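In: experimental coordinates for this protein are included below, preceded by the sequence.
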Amino acid sequence: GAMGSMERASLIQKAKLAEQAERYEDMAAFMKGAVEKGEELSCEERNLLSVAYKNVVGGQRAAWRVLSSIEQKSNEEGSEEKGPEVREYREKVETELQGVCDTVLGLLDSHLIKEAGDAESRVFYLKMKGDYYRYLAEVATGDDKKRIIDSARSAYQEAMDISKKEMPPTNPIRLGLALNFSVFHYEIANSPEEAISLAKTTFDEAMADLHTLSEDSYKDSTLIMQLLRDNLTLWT
Amino acid sequence: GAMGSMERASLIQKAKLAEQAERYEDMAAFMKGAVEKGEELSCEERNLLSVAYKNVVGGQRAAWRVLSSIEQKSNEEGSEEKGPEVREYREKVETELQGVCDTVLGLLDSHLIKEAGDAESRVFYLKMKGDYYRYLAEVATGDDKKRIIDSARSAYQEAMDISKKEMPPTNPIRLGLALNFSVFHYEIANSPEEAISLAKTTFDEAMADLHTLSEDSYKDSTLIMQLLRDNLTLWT
Amino acid sequence: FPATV
Amino acid sequence: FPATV
Ligand SMILES: CCOc1cccc2sc(C(=N)N)cc12
Ligand SMILES: CCOc1cccc2sc(C(=N)N)cc12
Ligand SMILES: [Mg+2]
Ligand SMILES: [Mg+2]
Ligand SMILES: [Mg+2]
Ligand SMILES: [Mg+2]
Ligand SMILES: [Mg+2]
Ligand SMILES: [Mg+2]
């Protein structure tokens, strides 16, 4: 590990500087180094890890979608044959994206999840596992596609089961998990009715628990509730 | 060169795909590979090269400025000592930025400039040489700082001399050169009066030549004239 | 695309 | 910052 000689605290500090500088690849490399120190991550550290890799993979996904659309146009009837280049470059971006996902999943399996006992850590990491298998599923076409989808589903479902037993319905981790699992159902599993049902039930159960919250907690929860409503509006 | 086995035309095609996907590091790597094929670059190819590296170095400059400002705050009286980390990370970004500049300057010296005989190619490459020495000057503090500034000045001045003899005053390359050399004077050489004079004379001489242009050329030239005016407004 | 966090 | 191209 290129970060093996850097102090854990210095890696965390530099991840925060990289965030301020919008250097998300650096941020992710610093947080990977911090994870590889072997200690559990605090709440703030878990979110630094997720912010970093979400920005990296998000850029890769956006680029993959542009290239995939170009490739699809180049393959329809009447199109001029442009050679192997579009496929090759889409494949390059896809392989890099898969590499990022494999790296995140590797950190979760070695050994973040197995040491995560509190709901706020374990649900967060299982949500991340579902998310990164979902990103793999977005680009998957081979013999293992169904297994990739099922790996995402299984991780999301374990996270859901814990979240329902161990967190209030307004907990922002629980809400974001449900939001993302709902998108998994809609976009990956071809289950739009399950997606809509999950978003609606999550929103309504959160609404009913808002009365228990402080002003700051209310803001955190209602922000994600609005994303649930935004998706419901898109889908109905 | 990792791009040595790829066809020149395929590198150019992939640079255009990378631009569409907003993958500017890839775009720059493809265009570097195309330059290293050894053939001169067409107008479109020169602009693909410049767009790619301008986006890459622009992101590095923005990040360097954020980190430099944090470092400056951490070094003023009353600040809590935060350790070497801010300086170290600013230095990391700075070294990467310098590496990009050195790479561009290397392409220009081996061998784009020496084969560029037409004004539109030679002025463009000399402008780029001035620009990348200017980016080096923005971060320079050592024994060679004055030589870095003078290298930028010398390249800009040769480009100016050719542009005045061989291009109309509305030529967009000539205009962009003058815009950037004016910024060099203001921000690098501590010569705000020269910066203002150059921007004003460039704008006025372009204005007087607009009558010769087609509608499309007029749009290209007036776009850059507006940037000259924007800078004059900032500076007066 | 739909919203995720 | 001032404009450059
Ligand atoms: C609540 C969700 O995430 C956080 C919890 C607690 C501290 C922090 S700091 C931070 C950041 N982007 N640097 C994110 C968080
Ligand atoms: C006029 C300034 O630059 C260009 C001239 C001619 C063709 C092209 S294509 C292109 C591009 N960003 N892909 C830029 C240009
Ligand atoms: Mg230590
Ligand atoms: Mg593939
Ligand atoms: Mg259920
Ligand atoms: Mg060939
Ligand atoms: Mg240095
Ligand atoms: Mg003069």
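Out: The structure has been received and is ready for your questions. Numbers count the residues shown, from 1 in each chain, chains lettered A, B, ... in the order given. Ligands and ions are numbered 1, 2, ... in the order given.

In: for the residue in chain A that ligand 1 sits nearest to, helix, strand, or coil?
Out: Nearest residue of chain A to ligand 1 (Cβ to the nearest ligand atom) works out as residue A:47 at 3.3 Å. For every residue, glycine as well, the C-beta is placed using N, CA and C. With DSSP: H, G, I helix; E, B strand; the rest coil as the basis, residue A:47 sits in helix.

In: tally of neighbours for it?
Out: Residue A:47 has 15 neighbours, counted by other Cβ atoms under 10 Å in any protein chain shown.

In: wait, residue A:46 sits on residue A:127?
Out: No: with contacts defined as Cβ atoms under 8 Å, residue A:46 does not count as touching residue A:127, sitting 10.5 Å away.

In: name the nearest residue to the residue nearest the centre of chain A, sequence neighbours excluded.
Out: The centre of chain A sits closest to residue A:131, judged by Cα atoms, centre = their mean, with a distance of 3.6 Å. Among residues not flanking residue A:131 along the chain, residue A:180 sits closest, at 6.0 Å (Cβ to Cβ, 6 or more residues apart in numbering or on different chains).

In: OK, contacts around the one you found?
Out: A:127, A:130-131, A:134, A:156, C:4-5 (Cβ atoms under 8 Å, 6 or more residues apart in numbering or on different chains).

In: of the residues you listed, which is the most crowded?
Out: Going by other Cβ under 10 Å, residue A:131 tops these with 28 neighbours.

In: helix or strand for that one, which one?
Out: Taking DSSP states H and E as the definition, residue A:131 sits inside helix A:119-139.

In: quick one: the helix or strand that contains residue A:12 to chain centroid distance?
Out: Following DSSP H and E, one finds residue A:12 within helix A:8-20. Using Cα atoms, centre = their mean, to the nearest Å, the distance from the centre of helix A:8-20 to the centre of the chain it belongs to is 21 Å.

In: is chain B within reach of it?
Out: Yes: against chain B, helix A:8-20 shows contacts by Cβ under 8 Å from any Cβ of the partner chain at A:10, A:13-14, A:17-18, A:20.

In: check which helices and strands whichever helix or strand comes after that helix sits against.
Out: Of the helices and strands lying after helix A:8-20 in sequence (DSSP H and E), the nearest is helix A:24-35. Contact analysis of helix A:24-35 by 3 or more Cβ pairs under 8 Å, 6 or more residues apart in numbering or on different chains; DSSP states H and E lists helix A:8-20, helix A:43-74, helix A:85-107 as its packing neighbours.

In: thinking again about what came up before, gap between the residue nearest to residue A:131 and residue A:146?
Out: 20 Å (Cβ to Cβ, to the nearest Å).

In: which parts of chain A sit against chain C?
Out: Checking chain A against chain C by Cβ under 8 Å from any Cβ, the hits are A:131, A:176, A:179-180, A:183, A:186-187, A:224, A:227, A:230-231, A:234-235.

In: assign the residue of chain A positioned farthest from its centre to helix, strand or coil.
Out: In chain A, counting by Cα atoms, centre = their mean, residue A:78 sits farthest out from the average C-alpha position, at 38.1 Å. Secondary structure for residue A:78, judged by three-state DSSP, is coil.

In: is stretch A:93-106 in proximity to chain B?
Out: Yes: contact of stretch A:93-106 with chain B (Cβ under 8 Å from any Cβ) involves residue A:93.

In: same thing with stretch A:48-57?
Out: No: using Cβ under 8 Å from any Cβ, stretch A:48-57 stays clear of chain B, coming no nearer than 12.6 Å.

In: residue A:167: neighbour count?
Out: 17.

In: please disregard the earlier target; I meant residue A:20.
Out: By other Cβ under 10 Å, 13 other residues sit near residue A:20.

In: if we can go back for a sec, buried sites along the helix holding residue A:12?
Out: A:8, A:10-15, A:17-19 (16 or more other Cβ atoms under 10 Å in any protein chain shown).

In: ok, the closest residue to residue A:98 other than its chain neighbours - contacts?
Out: What sits nearest to residue A:98 in space, not counting adjacent residues and going by Cβ to Cβ, 6+ apart, is residue A:136, at 6.4 Å. Applying Cβ under 8 Å, 6+ apart, we find residue A:136 in contact with A:98, A:101, A:148, A:152.

In: before I go, just wanted to say thanks for your time.
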